[PDB]
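Residue-level listing of the chains:
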Amino acid sequence: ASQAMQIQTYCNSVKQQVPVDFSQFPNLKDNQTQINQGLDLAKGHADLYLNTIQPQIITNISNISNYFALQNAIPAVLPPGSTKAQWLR
Amino acid sequence: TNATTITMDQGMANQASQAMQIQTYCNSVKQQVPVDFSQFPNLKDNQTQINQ
Amino acid sequence: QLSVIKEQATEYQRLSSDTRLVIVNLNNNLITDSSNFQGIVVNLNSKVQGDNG
Amino acid sequence: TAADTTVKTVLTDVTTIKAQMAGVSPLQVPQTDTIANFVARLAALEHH
Amino acid sequence: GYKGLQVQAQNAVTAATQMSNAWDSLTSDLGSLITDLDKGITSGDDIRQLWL
């Protein structure tokens, strides 16, 4: 289970919870308020990871990876056929 | 643009994972059993409403 | 050649859709049997709970 | 030369991040109660 | 005993739902193939080759 999968599990889990009605239990009145705000807020956070953050993170590493896959080394000596001027470039 | 491919990936990945969530819940809603209040005349009408 | 293939594929797409339609009846049968059994269990429990009283 | 070695390291760092970011976490089926079990745990607190 | 048959039957349901998913995938993918052969046949040159 990768780090992103761990976060997905959390996001998928929270998005499925159902706000409570404790209307039958005035003793729990405030507990209903606390639960339902905390949840609503985490649903927001979850969506953000799923539709914004994780895609940004993957995107960013694709571009980084793609470059250095090709520039996978540094010429420490003047390559055959180049000038000094154009090696420094 | 990688962003575009990844956007497609993530879009798809999200929709399929939710689909498995809703599909499983729908299977469970269909296996749900109806009420029976035929021992309480008082309650005939709530039975037909609940079950509908 | 390509038209004969596209037609064969068209027939199999129809066969696949028919198959899936047979599988809705299957799912609905299993779902019914499951619901029935749940209800069986639920009412036996009510009987046992009353008897324990 | 140190640069060339650092690029090597940079690719290391990237496959690390790539390992962090792969996979599609599968469905988790919770275990909520059925009616038989809810009536019991309740019958449990009341008769003891 | 009927709690046992219910669990077996629930499993069967998941199993049958996964059969539906698979067959849907086949229907749809055959769908793509039909499109592509259709477009390939009614196209030419490089565009027929793309589709095919």
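Above this note sits the structure.
(A) A look at the nonpolar core. Counting residues in hydrophobic clusters, the biggest one holds 11 residues: A:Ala4, A:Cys11, A:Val14, A:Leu39, A:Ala42, A:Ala46, A:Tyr49, A:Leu50, A:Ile58, B:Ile6 and D:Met21. Of all the elements in the fold, those that place two or more residues in this core are helix 1 (3-14) and helix 2 (29-70) of chain A. By residue number, the principal contributor to this core is helix 2 of chain A, which donates six residues. If we skip the residues at most four places from it in the chain, A:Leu50 touches A:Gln8, A:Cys11, A:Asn12, A:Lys15, A:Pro55, B:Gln10 and B:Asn14.

(B) Quick look at the environment of A:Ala42. All names here are of chain A. One can find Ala42 in helix 2. What makes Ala42 buried here is its relative accessible area of 10%. Separated by 34 residues in the primary sequence, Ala42 and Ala76 place their C-alpha atoms 51 Å from one another. With sequence-adjacent residues up to four places away left out, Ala42 is seen in contact with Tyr10 and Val14.

(C) Here's a closer look at the interface of chain C and chain E. With 22 residues of chain C at the contact, the number on the chain E side is 24 residues. A buried area of about 2,100 Å², summed over both sides, lies between chain C and chain E, and 74% of it is on carbon and sulfur atoms. Counting the surface chain C buries against chain E, the share from its top three residues, C:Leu2, C:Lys6 and C:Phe37, is 23%. The tally of links between chain C and chain E comes to two salt bridges. Residue C:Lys6 is joined to E:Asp38 by a salt bridge in which the shortest nitrogen-to-oxygen separation is 3.4 Å. In this structure, the connection of chain C to chain E is made through eight residue pairs in polar contact. Residues that form the side of chain C that touches chain E fall into these classes: 11 nonpolar, nine polar and two charged.

(D) Summary view of the layout of surface pockets. If you add up the space inside the second largest pocket, you get close to 230 Å³. Elements represented by at least two residues in the lining of the second largest pocket include exactly helix 1 and helix 2 of chain A together with helix 1 (2-31) of chain B. With six residues, the top contributor of residues to the lining of the second largest pocket is helix 1 of chain B. Residue composition of the lining of the second largest pocket, by class: seven nonpolar, eight polar and one charged.

(E) The arrangement of the packing of helix 2 of chain A against helix 1 (residues 2-21) of chain D in detail. For the pair helix 2 of chain A and helix 1 of chain D, interaxial distance at closest approach is 10 Å and the crossing angle is 150°. Judged on the interaxial angle alone, helix 1 of chain D and helix 2 of chain A are roughly antiparallel. Crossing hand, helix 2 of chain A versus helix 1 of chain D: left-handed. Contact with helix 2 of chain A, carried on its side by A:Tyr49, A:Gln54, A:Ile57, A:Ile58, A:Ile61, A:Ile64, A:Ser65, A:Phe68 and A:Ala69, involves D:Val7, D:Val10, D:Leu11, D:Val14, D:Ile17, D:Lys18 and D:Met21 of helix 1 of chain D and no other residues of that element.

(F) Region of interest: the arrangement of the chains. Where eight pairs of chains are in contact, the pair with the most contacts is made of chains C and E. As for chain C relative to chain A, no contact occurs, and the smallest C-alpha gap between them is 23 Å. The least C-alpha distance between chain A and chain E, which are not in contact, is 19 Å.

(G) Region of the structure containing the pattern of salt bridges. Enumeration over the complete set of coordinates arrives at five salt bridges over all chains. E:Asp24 serves as the salt-bridge partner of C:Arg20, at 3.0 Å between the closest nitrogen and oxygen. Of this pair, C:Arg20 sits in helix 1 (residues 2-52) while E:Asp24 sits in helix 1 (residues 2-41), on two different chains. Close ionic contact of D:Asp4 with D:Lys8 constitutes a salt bridge, the shortest N to O distance being 2.9 Å. Of this pair, D:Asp4 and D:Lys8 are both found in helix 1, four residues apart, which corresponds to roughly one turn of the helix. The exposure class of D:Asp4 is buried, given its relative accessible area of 18%.

Calculation notes
Residues numbered from 1 in each chain as written, not as in the entry; some residues may be left out. Chains lettered and ligands numbered in written order. Part of a larger assembly, values for the part shown. Heavy atoms only, no water. Core = buried A, V, L, I, M, F, W, Y, C linked by side-chain atoms within 4.5 Å. Buried < 20%, exposed > 50% of the residue type's maximum accessible area, 1.4 Å probe, protein only. Helix = DSSP H or I, 4+ residues; strand = E, 2+ residues; numbered from the N terminus. Contact = heavy atoms within 4.5 Å. Buried area = accessible area lost by both parts, 1.4 Å probe. Salt bridge = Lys/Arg side-chain N within 4 Å of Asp/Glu carboxyl O. Polar contact = N/O pair within 3.5 Å; in protein donor to acceptor, adjacent residues only side chain to side chain. Nonpolar A, V, L, I, M, F, W, Y, C, P; charged D, E, K, R; others polar. 1 Å grid on protein atoms, 1.4 Å probe; cavity = no way out; pocket = protein on both sides within 12 Å on 5 of 7 lines; lining within 4 Å. Points joined across faces, edges and corners; volume = space filled by probe spheres on them. Axes fitted to C-alpha atoms, helices over the stretch in contact; angles between N-to-C directions. Parallel < 35°, antiparallel > 145°, perpendicular 65-115°, else oblique. Left-handed = near helix turned anticlockwise from the far one by under 90°.

Keep in mind these numbers describe shape, not what the thing actually does.
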